[PDB]
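A.B. asks: show me how the following folds:
(one chain, ligands or ions: 2)
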Amino acid sequence: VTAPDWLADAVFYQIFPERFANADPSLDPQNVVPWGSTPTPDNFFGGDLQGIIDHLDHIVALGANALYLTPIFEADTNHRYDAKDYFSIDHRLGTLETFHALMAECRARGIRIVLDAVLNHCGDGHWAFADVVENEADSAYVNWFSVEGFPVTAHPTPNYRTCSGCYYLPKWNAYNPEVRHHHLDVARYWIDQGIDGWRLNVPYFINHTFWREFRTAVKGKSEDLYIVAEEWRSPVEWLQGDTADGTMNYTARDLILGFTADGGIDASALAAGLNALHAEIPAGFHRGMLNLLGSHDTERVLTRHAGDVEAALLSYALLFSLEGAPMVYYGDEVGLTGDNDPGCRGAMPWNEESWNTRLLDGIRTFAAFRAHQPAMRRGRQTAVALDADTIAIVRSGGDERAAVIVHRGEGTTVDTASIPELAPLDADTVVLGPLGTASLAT
Ligand SMILES: OC[C@H]1O[C@@H]2OC[C@H]3O[C@H](O[C@H]4[C@H](O)[C@@H](O)[C@@H](OC[C@H]5O[C@H](O[C@H]1[C@H](O)[C@H]2O)[C@H](O)[C@@H](O)[C@@H]5O)O[C@@H]4CO)[C@H](O)[C@@H](O)[C@@H]3O
Ligand SMILES: [Ca+2]
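C.D. replies: Numbering: from 1, shown residues only. Ligands and ions are numbered 1, 2, ... in the order given. Sure, structure below:
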(Lines give C-alpha, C1' and ligand atoms only; values in the text may rest on other atoms or scores of the structure.)
(Ligands and ions follow the chains in the order given, each with its own letter.)
Protein backbone atom coordinates (compact mmCIF):
# COMPACT_ATOMS: atom_id res chain seq x y z
CA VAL A 1 0.00 0.00 0.00
CA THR A 2 1.13 3.66 0.75
CA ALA A 3 0.81 5.75 3.90
CA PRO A 4 -2.40 7.58 4.63
CA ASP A 5 -2.62 10.86 2.77
CA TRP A 6 -3.36 12.91 5.84
CA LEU A 7 0.16 12.41 7.11
CA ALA A 8 1.38 14.89 4.55
CA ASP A 9 -0.38 17.67 6.46
CA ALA A 10 0.43 16.39 9.94
CA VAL A 11 2.47 18.07 12.54
CA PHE A 12 2.97 15.94 15.72
CA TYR A 13 3.41 16.89 19.34
CA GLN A 14 4.82 14.14 21.56
CA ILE A 15 3.58 14.00 25.12
CA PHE A 16 4.82 11.88 28.05
CA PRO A 17 1.54 12.11 29.98
CA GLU A 18 2.93 11.89 33.44
CA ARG A 19 4.60 15.23 32.84
CA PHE A 20 2.53 17.55 30.64
CA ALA A 21 -0.06 19.05 32.99
CA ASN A 22 -1.63 18.23 36.30
CA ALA A 23 -5.24 19.35 36.31
CA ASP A 24 -7.00 16.92 38.67
CA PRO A 25 -5.66 16.75 42.19
CA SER A 26 -7.98 13.91 43.07
CA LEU A 27 -5.81 11.70 40.80
CA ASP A 28 -2.55 12.53 42.43
CA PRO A 29 -0.96 9.51 44.16
CA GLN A 30 0.02 9.77 47.83
CA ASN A 31 3.65 9.84 46.76
CA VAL A 32 3.27 12.72 44.29
CA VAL A 33 6.26 15.07 44.02
CA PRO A 34 6.26 18.85 43.37
CA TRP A 35 5.96 19.87 39.79
CA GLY A 36 9.43 21.27 39.72
CA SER A 37 11.13 18.12 40.86
CA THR A 38 13.98 16.33 39.20
CA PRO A 39 12.59 13.35 37.17
CA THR A 40 13.73 9.91 38.09
CA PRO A 41 12.71 6.39 37.15
CA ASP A 42 10.53 6.10 40.20
CA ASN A 43 8.64 9.37 40.82
CA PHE A 44 5.21 10.59 40.03
CA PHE A 45 4.29 14.21 39.28
CA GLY A 46 0.61 13.71 38.58
CA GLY A 47 0.28 14.59 34.94
CA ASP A 48 -3.23 13.67 33.77
CA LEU A 49 -5.53 13.51 30.74
CA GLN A 50 -7.56 16.53 31.97
CA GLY A 51 -4.14 18.36 31.96
CA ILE A 52 -3.78 17.55 28.27
CA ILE A 53 -7.33 18.75 27.46
CA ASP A 54 -6.73 21.94 29.32
CA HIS A 55 -3.66 22.84 27.32
CA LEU A 56 -4.68 21.94 23.83
CA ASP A 57 -4.64 25.66 22.96
CA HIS A 58 -0.83 25.65 23.49
CA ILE A 59 -0.39 22.69 21.11
CA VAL A 60 -2.61 24.22 18.38
CA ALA A 61 -0.69 27.61 18.85
CA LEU A 62 2.54 25.84 18.14
CA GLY A 63 1.21 24.53 14.87
CA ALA A 64 0.60 20.86 15.80
CA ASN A 65 -2.41 18.89 14.77
CA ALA A 66 -1.62 15.40 16.07
CA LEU A 67 -0.41 13.93 19.33
CA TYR A 68 1.83 10.98 19.96
CA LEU A 69 1.27 9.74 23.50
CA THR A 70 3.59 7.40 25.30
CA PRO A 71 1.84 4.57 27.14
CA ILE A 72 -1.32 5.37 29.07
CA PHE A 73 -2.57 2.00 30.38
CA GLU A 74 -2.58 0.92 33.95
CA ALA A 75 0.98 0.33 35.03
CA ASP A 76 3.33 0.47 38.00
CA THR A 77 5.94 2.85 36.59
CA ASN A 78 5.90 6.47 35.57
CA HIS A 79 6.60 5.64 31.95
CA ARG A 80 4.05 2.94 31.73
CA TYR A 81 5.82 0.50 29.44
CA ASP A 82 5.08 -2.08 32.20
CA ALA A 83 1.36 -2.37 31.61
CA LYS A 84 -0.72 -4.47 33.93
CA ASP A 85 -4.02 -4.10 32.12
CA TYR A 86 -4.16 -3.09 28.45
CA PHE A 87 -7.87 -2.42 28.71
CA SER A 88 -7.80 0.37 31.30
CA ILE A 89 -6.32 3.87 31.37
CA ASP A 90 -3.91 4.24 34.31
CA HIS A 91 -5.89 5.43 37.40
CA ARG A 92 -3.51 8.39 37.87
CA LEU A 93 -4.27 9.57 34.32
CA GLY A 94 -8.00 9.40 34.47
CA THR A 95 -10.97 7.35 33.52
CA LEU A 96 -12.12 6.13 30.15
CA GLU A 97 -14.79 8.90 30.28
CA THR A 98 -12.05 11.54 30.57
CA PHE A 99 -10.21 9.84 27.70
CA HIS A 100 -13.30 10.15 25.56
CA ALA A 101 -13.54 13.79 26.51
CA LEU A 102 -10.02 14.27 25.24
CA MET A 103 -10.85 12.51 22.03
CA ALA A 104 -14.02 14.52 21.53
CA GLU A 105 -12.14 17.83 22.09
CA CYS A 106 -9.41 16.74 19.76
CA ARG A 107 -11.99 15.85 17.05
CA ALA A 108 -13.52 19.34 17.56
CA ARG A 109 -10.12 20.92 16.98
CA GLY A 110 -8.99 18.69 14.16
CA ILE A 111 -6.29 17.01 16.23
CA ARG A 112 -5.45 13.33 15.72
CA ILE A 113 -4.25 10.93 18.42
CA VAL A 114 -1.67 8.15 18.10
CA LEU A 115 -1.08 5.79 21.13
CA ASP A 116 1.95 3.69 22.03
CA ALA A 117 1.46 -0.11 21.36
CA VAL A 118 3.74 -2.07 23.74
CA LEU A 119 3.28 -5.62 22.49
CA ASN A 120 6.68 -7.17 23.10
CA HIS A 121 6.42 -7.08 26.87
CA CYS A 122 4.15 -6.20 29.78
CA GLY A 123 4.79 -5.32 33.43
CA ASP A 124 5.53 -7.79 36.13
CA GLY A 125 2.30 -6.56 37.70
CA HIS A 126 0.17 -7.76 34.84
CA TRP A 127 -2.53 -10.13 35.94
CA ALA A 128 -1.32 -12.89 33.62
CA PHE A 129 2.27 -12.71 34.88
CA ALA A 130 1.21 -12.56 38.50
CA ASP A 131 -0.89 -15.63 37.94
CA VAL A 132 2.20 -17.47 36.57
CA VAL A 133 4.26 -16.30 39.55
CA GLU A 134 1.60 -17.73 41.89
CA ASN A 135 0.33 -20.83 40.11
CA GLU A 136 3.45 -21.72 38.08
CA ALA A 137 2.89 -24.69 35.74
CA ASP A 138 -0.79 -24.81 36.72
CA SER A 139 -1.40 -21.25 35.54
CA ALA A 140 -3.49 -20.91 32.43
CA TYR A 141 -1.00 -18.24 31.38
CA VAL A 142 2.28 -20.05 31.77
CA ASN A 143 2.83 -20.16 28.07
CA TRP A 144 1.86 -16.53 27.62
CA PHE A 145 5.48 -15.89 28.75
CA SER A 146 8.90 -17.56 28.52
CA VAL A 147 9.67 -18.72 32.04
CA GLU A 148 12.73 -20.99 32.34
CA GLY A 149 11.56 -22.76 35.51
CA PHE A 150 10.09 -22.29 39.00
CA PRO A 151 9.98 -20.41 41.16
CA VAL A 152 9.88 -17.22 39.06
CA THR A 153 13.00 -15.26 40.04
CA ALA A 154 13.81 -11.63 39.18
CA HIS A 155 17.14 -11.23 40.94
CA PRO A 156 20.00 -11.23 40.47
CA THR A 157 18.96 -11.91 36.88
CA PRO A 158 15.59 -12.94 35.69
CA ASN A 159 14.81 -16.57 34.90
CA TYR A 160 12.38 -15.52 32.27
CA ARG A 161 12.63 -13.63 28.97
CA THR A 162 12.32 -9.85 29.28
CA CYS A 163 12.76 -6.58 27.43
CA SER A 164 16.54 -6.21 27.37
CA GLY A 165 17.09 -7.98 30.64
CA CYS A 166 14.75 -5.74 32.69
CA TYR A 167 13.02 -7.91 35.33
CA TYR A 168 9.90 -5.81 35.52
CA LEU A 169 9.27 -6.09 31.73
CA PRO A 170 8.57 -9.81 31.08
CA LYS A 171 8.43 -10.63 27.38
CA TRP A 172 5.16 -11.72 25.87
CA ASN A 173 5.24 -15.02 24.03
CA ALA A 174 3.99 -13.81 20.64
CA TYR A 175 4.32 -17.42 19.34
CA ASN A 176 1.27 -18.30 21.47
CA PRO A 177 -1.93 -17.79 19.43
CA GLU A 178 -3.64 -16.79 22.66
CA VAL A 179 -1.26 -13.91 23.18
CA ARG A 180 -1.61 -12.77 19.61
CA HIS A 181 -5.36 -12.77 20.12
CA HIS A 182 -4.97 -10.54 23.12
CA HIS A 183 -2.66 -8.18 21.30
CA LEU A 184 -4.77 -7.79 18.19
CA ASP A 185 -7.75 -7.32 20.52
CA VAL A 186 -5.97 -4.44 22.29
CA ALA A 187 -5.18 -2.93 18.82
CA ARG A 188 -8.84 -3.03 17.82
CA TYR A 189 -10.22 -1.97 21.18
CA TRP A 190 -8.45 1.37 21.35
CA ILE A 191 -9.33 2.09 17.75
CA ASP A 192 -12.93 1.71 18.89
CA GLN A 193 -12.34 4.32 21.63
CA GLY A 194 -11.52 6.83 18.81
CA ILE A 195 -7.76 6.77 18.24
CA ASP A 196 -6.13 7.58 14.96
CA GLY A 197 -3.09 5.38 14.98
CA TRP A 198 -0.52 3.33 16.83
CA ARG A 199 3.20 3.81 17.37
CA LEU A 200 4.92 0.42 17.64
CA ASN A 201 7.32 0.00 20.55
CA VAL A 202 10.43 -2.03 19.76
CA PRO A 203 8.80 -3.95 16.99
CA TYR A 204 12.09 -5.54 16.03
CA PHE A 205 11.81 -7.61 19.20
CA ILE A 206 8.77 -9.44 17.82
CA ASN A 207 8.55 -10.55 14.18
CA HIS A 208 7.07 -9.59 10.84
CA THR A 209 4.56 -12.39 10.67
CA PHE A 210 2.85 -10.83 13.71
CA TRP A 211 3.22 -7.24 12.39
CA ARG A 212 1.56 -8.24 9.10
CA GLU A 213 -1.42 -9.60 11.08
CA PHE A 214 -1.41 -6.38 13.10
CA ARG A 215 -1.57 -4.21 9.98
CA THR A 216 -4.44 -6.29 8.66
CA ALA A 217 -6.34 -5.88 11.90
CA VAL A 218 -5.79 -2.09 12.03
CA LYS A 219 -6.39 -1.30 8.40
CA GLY A 220 -9.54 -3.56 8.54
CA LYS A 221 -10.96 -0.94 10.91
CA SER A 222 -9.96 1.92 8.57
CA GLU A 223 -7.21 2.28 5.95
CA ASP A 224 -6.66 5.81 7.32
CA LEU A 225 -5.37 4.60 10.68
CA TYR A 226 -1.65 5.31 10.90
CA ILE A 227 0.96 2.76 11.94
CA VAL A 228 4.43 4.07 12.79
CA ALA A 229 7.28 1.83 13.85
CA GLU A 230 9.89 2.64 16.32
CA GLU A 231 13.21 1.97 14.50
CA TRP A 232 16.60 3.48 15.34
CA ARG A 233 18.43 2.07 12.29
CA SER A 234 17.34 1.73 8.64
CA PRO A 235 13.52 2.06 8.14
CA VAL A 236 13.40 -0.12 4.99
CA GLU A 237 12.13 -3.34 6.48
CA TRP A 238 9.05 -1.63 7.82
CA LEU A 239 8.06 0.07 4.60
CA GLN A 240 7.34 -2.83 2.22
CA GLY A 241 3.57 -2.21 2.42
CA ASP A 242 2.77 -4.99 4.76
CA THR A 243 3.59 -3.63 8.22
CA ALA A 244 4.03 0.08 8.93
CA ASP A 245 3.24 3.38 7.19
CA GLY A 246 6.49 5.00 8.38
CA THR A 247 9.09 4.84 11.12
CA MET A 248 10.37 7.28 13.71
CA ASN A 249 13.06 8.84 11.61
CA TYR A 250 16.04 8.54 13.94
CA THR A 251 18.41 8.29 10.95
CA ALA A 252 17.58 11.88 10.03
CA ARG A 253 17.79 12.97 13.64
CA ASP A 254 21.38 11.75 13.79
CA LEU A 255 22.29 13.43 10.46
CA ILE A 256 20.75 16.76 11.40
CA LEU A 257 22.23 16.95 14.87
CA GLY A 258 25.71 15.82 13.61
CA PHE A 259 25.61 19.01 11.46
CA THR A 260 23.91 21.51 13.72
CA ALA A 261 25.15 20.48 17.23
CA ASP A 262 28.18 18.20 17.09
CA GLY A 263 30.15 19.76 14.30
CA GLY A 264 31.22 16.39 12.95
CA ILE A 265 29.22 16.07 9.85
CA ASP A 266 29.41 18.76 7.23
CA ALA A 267 26.87 19.87 4.66
CA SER A 268 28.06 17.50 1.98
CA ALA A 269 27.88 14.60 4.38
CA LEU A 270 24.39 15.79 5.60
CA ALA A 271 23.04 16.03 2.08
CA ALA A 272 24.53 12.67 0.99
CA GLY A 273 22.98 10.99 4.07
CA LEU A 274 19.55 12.64 3.59
CA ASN A 275 19.46 11.79 -0.09
CA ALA A 276 20.61 8.20 0.53
CA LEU A 277 17.84 7.85 3.27
CA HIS A 278 15.21 9.30 0.94
CA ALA A 279 16.22 6.91 -1.82
CA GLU A 280 16.06 3.88 0.59
CA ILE A 281 12.46 4.82 1.63
CA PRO A 282 9.96 3.31 -0.88
CA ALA A 283 7.68 5.55 -2.76
CA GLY A 284 4.43 6.22 -1.05
CA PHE A 285 6.09 6.05 2.40
CA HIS A 286 8.07 9.26 2.62
CA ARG A 287 5.05 11.10 3.95
CA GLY A 288 4.53 8.49 6.66
CA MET A 289 7.92 8.97 8.21
CA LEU A 290 7.67 10.58 11.63
CA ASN A 291 10.60 12.97 11.78
CA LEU A 292 11.98 14.17 15.04
CA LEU A 293 14.93 15.77 16.87
CA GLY A 294 14.41 14.17 20.27
CA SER A 295 12.03 11.99 22.24
CA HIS A 296 11.50 10.54 25.72
CA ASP A 297 14.53 8.32 24.90
CA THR A 298 17.03 11.06 24.08
CA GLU A 299 18.70 14.04 25.66
CA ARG A 300 16.81 17.25 25.00
CA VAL A 301 17.52 19.09 21.78
CA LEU A 302 18.70 22.28 23.58
CA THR A 303 21.13 20.17 25.74
CA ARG A 304 22.48 18.45 22.69
CA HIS A 305 23.18 21.95 21.34
CA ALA A 306 24.87 22.93 24.64
CA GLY A 307 22.42 25.72 25.22
CA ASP A 308 22.98 27.31 21.80
CA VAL A 309 19.48 28.49 20.88
CA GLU A 310 20.33 29.85 17.40
CA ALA A 311 22.02 26.61 16.54
CA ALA A 312 19.04 24.60 17.91
CA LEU A 313 16.85 26.65 15.60
CA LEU A 314 18.93 25.40 12.64
CA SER A 315 17.90 21.87 13.61
CA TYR A 316 14.21 22.89 13.74
CA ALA A 317 14.55 24.55 10.37
CA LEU A 318 15.85 21.27 8.89
CA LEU A 319 13.18 19.20 10.71
CA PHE A 320 10.26 21.17 9.32
CA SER A 321 11.82 21.13 5.86
CA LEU A 322 11.95 17.40 5.44
CA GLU A 323 9.41 15.21 3.63
CA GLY A 324 7.49 13.31 6.34
CA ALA A 325 5.65 14.56 9.34
CA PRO A 326 7.57 16.73 11.77
CA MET A 327 7.30 16.05 15.46
CA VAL A 328 8.17 18.28 18.45
CA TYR A 329 8.83 16.75 21.84
CA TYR A 330 6.87 18.42 24.71
CA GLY A 331 8.80 21.22 26.26
CA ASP A 332 11.39 21.50 23.55
CA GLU A 333 9.43 24.39 22.03
CA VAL A 334 10.00 26.43 25.23
CA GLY A 335 13.70 25.37 25.63
CA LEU A 336 13.61 22.75 28.26
CA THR A 337 16.89 21.08 29.00
CA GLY A 338 17.95 17.72 30.21
CA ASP A 339 20.17 14.77 29.69
CA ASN A 340 18.84 11.38 28.53
CA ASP A 341 16.04 9.48 30.32
CA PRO A 342 15.19 10.24 33.03
CA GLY A 343 16.53 13.77 32.42
CA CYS A 344 14.41 14.45 29.37
CA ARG A 345 11.20 13.70 31.23
CA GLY A 346 10.91 16.90 33.27
CA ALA A 347 7.56 18.47 33.97
CA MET A 348 6.34 21.07 31.49
CA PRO A 349 6.40 24.52 33.09
CA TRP A 350 3.30 26.63 32.59
CA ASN A 351 4.77 29.83 34.04
CA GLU A 352 5.63 31.50 30.79
CA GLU A 353 8.48 33.57 32.36
CA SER A 354 10.68 30.47 32.18
CA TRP A 355 9.88 30.00 28.47
CA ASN A 356 12.33 30.54 25.74
CA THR A 357 10.25 32.57 23.40
CA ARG A 358 12.84 32.87 20.66
CA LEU A 359 12.63 29.12 20.24
CA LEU A 360 8.85 29.07 20.47
CA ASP A 361 8.39 31.84 17.96
CA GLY A 362 11.01 30.39 15.66
CA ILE A 363 9.45 26.96 15.57
CA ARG A 364 6.07 28.55 15.05
CA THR A 365 7.45 30.35 11.99
CA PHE A 366 8.96 27.22 10.44
CA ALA A 367 5.61 25.44 11.02
CA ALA A 368 3.70 28.30 9.42
CA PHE A 369 5.84 28.23 6.33
CA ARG A 370 5.31 24.50 5.84
CA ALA A 371 1.57 24.90 6.46
CA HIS A 372 1.29 27.78 3.94
CA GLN A 373 3.42 26.19 1.15
CA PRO A 374 1.80 23.02 -0.41
CA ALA A 375 5.14 21.85 -1.70
CA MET A 376 6.55 21.81 1.86
CA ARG A 377 3.94 19.16 2.67
CA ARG A 378 3.53 17.21 -0.53
CA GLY A 379 6.68 17.99 -2.46
CA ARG A 380 9.49 15.60 -3.17
CA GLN A 381 12.76 16.23 -1.35
CA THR A 382 16.28 16.91 -2.60
CA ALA A 383 19.18 17.95 -0.34
CA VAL A 384 21.91 20.08 -1.97
CA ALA A 385 25.11 21.04 -0.18
CA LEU A 386 26.34 24.58 -1.08
CA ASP A 387 29.54 24.57 1.07
CA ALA A 388 30.74 22.80 4.24
CA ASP A 389 28.39 24.92 6.45
CA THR A 390 25.46 25.50 4.17
CA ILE A 391 22.70 23.20 2.91
CA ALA A 392 19.50 23.64 0.96
CA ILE A 393 16.40 21.34 1.36
CA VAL A 394 14.34 21.63 -1.84
CA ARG A 395 10.69 20.45 -1.95
CA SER A 396 9.23 20.32 -5.46
CA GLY A 397 5.80 19.49 -6.60
CA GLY A 398 5.61 20.30 -10.18
CA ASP A 399 5.78 23.80 -11.41
CA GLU A 400 6.15 24.91 -7.95
CA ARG A 401 8.89 24.50 -5.49
CA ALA A 402 10.12 25.71 -2.09
CA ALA A 403 13.46 25.61 -0.41
CA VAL A 404 14.86 26.06 3.06
CA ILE A 405 18.57 27.11 3.16
CA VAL A 406 20.27 26.50 6.44
CA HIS A 407 23.75 27.98 7.35
CA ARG A 408 25.75 27.04 10.46
CA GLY A 409 28.69 29.42 9.83
CA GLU A 410 29.27 33.13 10.26
CA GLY A 411 27.42 34.22 7.10
CA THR A 412 27.26 33.45 3.40
CA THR A 413 25.65 34.53 0.22
CA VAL A 414 23.96 32.17 -2.16
CA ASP A 415 23.78 32.82 -5.85
CA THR A 416 20.47 31.11 -6.37
CA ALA A 417 20.57 31.39 -10.15
CA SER A 418 23.75 29.33 -10.37
CA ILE A 419 22.30 26.35 -8.42
CA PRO A 420 20.02 24.33 -10.76
CA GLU A 421 17.65 23.14 -7.96
CA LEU A 422 17.28 26.71 -6.64
CA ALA A 423 17.11 28.58 -9.98
CA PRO A 424 13.23 28.19 -10.44
CA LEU A 425 12.57 30.12 -7.25
CA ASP A 426 13.76 33.23 -9.14
CA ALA A 427 15.30 34.43 -5.83
CA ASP A 428 18.61 35.95 -7.04
CA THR A 429 21.28 36.25 -4.31
CA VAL A 430 20.24 35.36 -0.80
CA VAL A 431 22.32 36.67 2.05
CA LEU A 432 22.47 34.75 5.24
CA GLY A 433 23.89 36.00 8.49
CA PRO A 434 25.52 33.89 11.15
CA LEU A 435 23.45 30.73 12.01
CA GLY A 436 20.99 32.05 9.46
CA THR A 437 18.20 30.45 7.56
CA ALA A 438 16.08 31.36 4.59
CA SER A 439 12.79 29.97 3.37
CA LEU A 440 11.89 30.63 -0.26
CA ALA A 441 9.08 29.71 -2.63
CA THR A 442 8.24 30.15 -6.36
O1 LIG B 1 9.56 -0.50 26.30
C2 LIG B 1 11.03 -0.39 26.29
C3 LIG B 1 11.61 0.95 25.72
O4 LIG B 1 11.38 0.94 24.33
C5 LIG B 1 11.67 2.14 23.63
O6 LIG B 1 13.01 2.49 23.70
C7 LIG B 1 13.87 1.59 23.04
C8 LIG B 1 15.14 1.79 23.90
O9 LIG B 1 15.98 0.68 23.59
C10 LIG B 1 17.18 0.64 24.47
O11 LIG B 1 16.92 0.61 25.77
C12 LIG B 1 16.71 -0.60 26.53
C13 LIG B 1 17.39 -0.44 27.87
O14 LIG B 1 18.81 -0.37 27.69
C15 LIG B 1 17.07 -1.57 28.78
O16 LIG B 1 17.69 -1.30 30.03
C17 LIG B 1 15.56 -1.68 28.94
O18 LIG B 1 15.16 -0.44 29.48
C19 LIG B 1 13.79 -0.47 29.84
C20 LIG B 1 13.20 0.92 29.56
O21 LIG B 1 11.80 0.88 29.48
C22 LIG B 1 11.17 1.94 28.89
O23 LIG B 1 11.77 2.29 27.68
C24 LIG B 1 11.04 2.13 26.47
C25 LIG B 1 11.33 3.40 25.63
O26 LIG B 1 10.70 4.50 26.27
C27 LIG B 1 10.69 3.09 24.25
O28 LIG B 1 10.43 4.18 23.47
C29 LIG B 1 11.35 3.11 29.79
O30 LIG B 1 10.84 4.23 29.13
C31 LIG B 1 12.84 3.30 30.07
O32 LIG B 1 12.88 4.33 31.03
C33 LIG B 1 13.58 2.02 30.55
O34 LIG B 1 14.98 2.24 30.57
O35 LIG B 1 15.04 -1.96 27.66
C36 LIG B 1 15.22 -0.93 26.73
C37 LIG B 1 14.62 -1.38 25.40
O38 LIG B 1 15.36 -2.34 24.72
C39 LIG B 1 17.97 1.87 24.17
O40 LIG B 1 19.16 1.89 24.98
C41 LIG B 1 17.09 3.09 24.44
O42 LIG B 1 17.90 4.21 24.03
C43 LIG B 1 15.87 3.07 23.57
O44 LIG B 1 15.04 4.12 24.12
CA1 LIG C 1 -3.23 14.73 38.89
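
A.B. asks: how many other residues sit next to the closest residue to residue 25 other than its chain neighbours?
C.D. replies: Excluding its sequence neighbours, the residue lying closest to residue 25 (CB to CB, 6 or more residues apart in numbering) is residue 46, at 7.7 Å. C-betas here are computed from N, CA, C, even on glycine. Neighbourhood size, residue 46 [other CB atoms under 10 Å]: 23.

A.B. asks: residue 46: what secondary structure?
C.D. replies: coil (DSSP: H, G, I helix; E, B strand; the rest coil).

A.B. asks: now do the nearest residue to residue 339 once chain neighbours are set aside against ligand 2, distance only.
C.D. replies: Excluding its sequence neighbours, the residue lying closest to residue 339 (CB to CB, 6+ apart) is residue 299, at 5.2 Å. For residue 299, the distance to ligand 2 equals 27 Å [CB to the ion, to the nearest Å].

A.B. asks: check which helix or strand covers residue 299.
C.D. replies: Here residue 299 sits in a region with no helix or strand, counting by DSSP states H and E.

A.B. asks: how near is it to residue 200?
C.D. replies: Here residue 299 is placed at a distance of 23 Å from residue 200 (CB to CB, to the nearest Å).

A.B. asks: how about the contacts made by residue 438?
C.D. replies: When contacts are counted by CB atoms under 8 Å, 6 or more residues apart in numbering, residue 438 touches 404-405, 414, 430, 432.

A.B. asks: pretty sure residue 147 sits against residue 159.
C.D. replies: Yes: between residue 147 and residue 159 there is a contact under CB atoms under 8 Å: 6.9 Å.

A.B. asks: who has more neighbours out of the two?
C.D. replies: Neighbours per residue, other CB under 10 Å: of residue 147 and residue 159, the larger number sits with residue 147, 24 against 16.

A.B. asks: which parts of the protein sit against ligand 1?
C.D. replies: Selection of the chain residues close to ligand 1 by CB under 6 Å from any ligand atom yields 79, 81, 118, 163-164, 166, 201-202, 230, 296-297, 341.

A.B. asks: try it again at 5 Å.
C.D. replies: Taking CB under 5 Å from any ligand atom as the criterion, the neighbours of ligand 1 within the chain are 79, 81, 163-164, 166, 202, 297, 341.

A.B. asks: and of the residues you listed, the nearest to residue 5?
C.D. replies: Nearest to residue 5 among these: residue 202, at 27.7 Å, using CB to CB.

A.B. asks: coming back round to it: restrict the contacts of residue 438 to those near ligand 2?
C.D. replies: Among the contacts of residue 438, no residue is within reach of ligand 2 (CB under 5 Å from the ion).

A.B. asks: restricted to strands, list those.
C.D. replies: 404-405, 414, 430, 432 (DSSP state E).

A.B. asks: counting neighbours, which of the residues you listed comes out on top?
C.D. replies: Neighbour tally across the ones in strands among the contacts of residue 438 (other CB under 10 Å): the maximum, 26 neighbours, falls on residue 405.

A.B. asks: for the residue nearest to residue 25, what are its contacts?
C.D. replies: Taking CB under 8 Å, 6+ apart as the test, what residue 46 contacts is 18, 22, 25, 27-29, 32, 35, 92.

A.B. asks: can we see that at 10 Å?
C.D. replies: For residue 46, the contacting residues are 18-19, 21-25, 27-29, 31-35, 92-93, 347, by CB atoms under 10 Å, 6 or more residues apart in numbering.

A.B. asks: now do residue 276
C.D. replies: With contact taken as CB under 10 Å, 6+ apart, residue 276 is in contact with 251, 255, 383.

A.B. asks: kindly report the same for residue 68.
C.D. replies: By CB under 10 Å, 6+ apart, the residues touching residue 68 are 12-16, 112-116, 197, 199, 226, 228, 248, 290, 292, 295-296, 325, 327, 329-330.

A.B. asks: just confirm it is within a strand.
C.D. replies: Yes: judged by three-state DSSP, residue 68 forms part of a strand.

A.B. asks: identify the bridge partners of it.
C.D. replies: residue 14, residue 114 (DSSP bridges).

A.B. asks: gap between it and residue 295?
C.D. replies: According to CB to CB, residue 68 and residue 295 sit 9 Å apart.

A.B. asks: before we move on, what SS does residue 288 have?
C.D. replies: Counting by three-state DSSP, the backbone at residue 288 sits in coil.

A.B. asks: brain fart, residue 154
C.D. replies: Secondary structure, three-state DSSP: residue 154 is coil.

A.B. asks: where's it relative to ligand 2, distance?
C.D. replies: For residue 154, the distance to ligand 2 - CB to the ion - is 30 Å.

A.B. asks: could you measure from the residue nearest to residue 286 when sequence neighbours are not counted over to ligand 1?
C.D. replies: Distances taken as CB to CB, 6+ apart put residue 323 closest to residue 286, at 4.5 Å, once the chain neighbours are dropped. For residue 323, the distance to ligand 1 equals 24 Å [CB to the nearest ligand atom, to the nearest Å].

A.B. asks: what's the neighbour count on residue 360?
C.D. replies: Neighbour count of residue 360, defined by other CB under 10 Å: 18.
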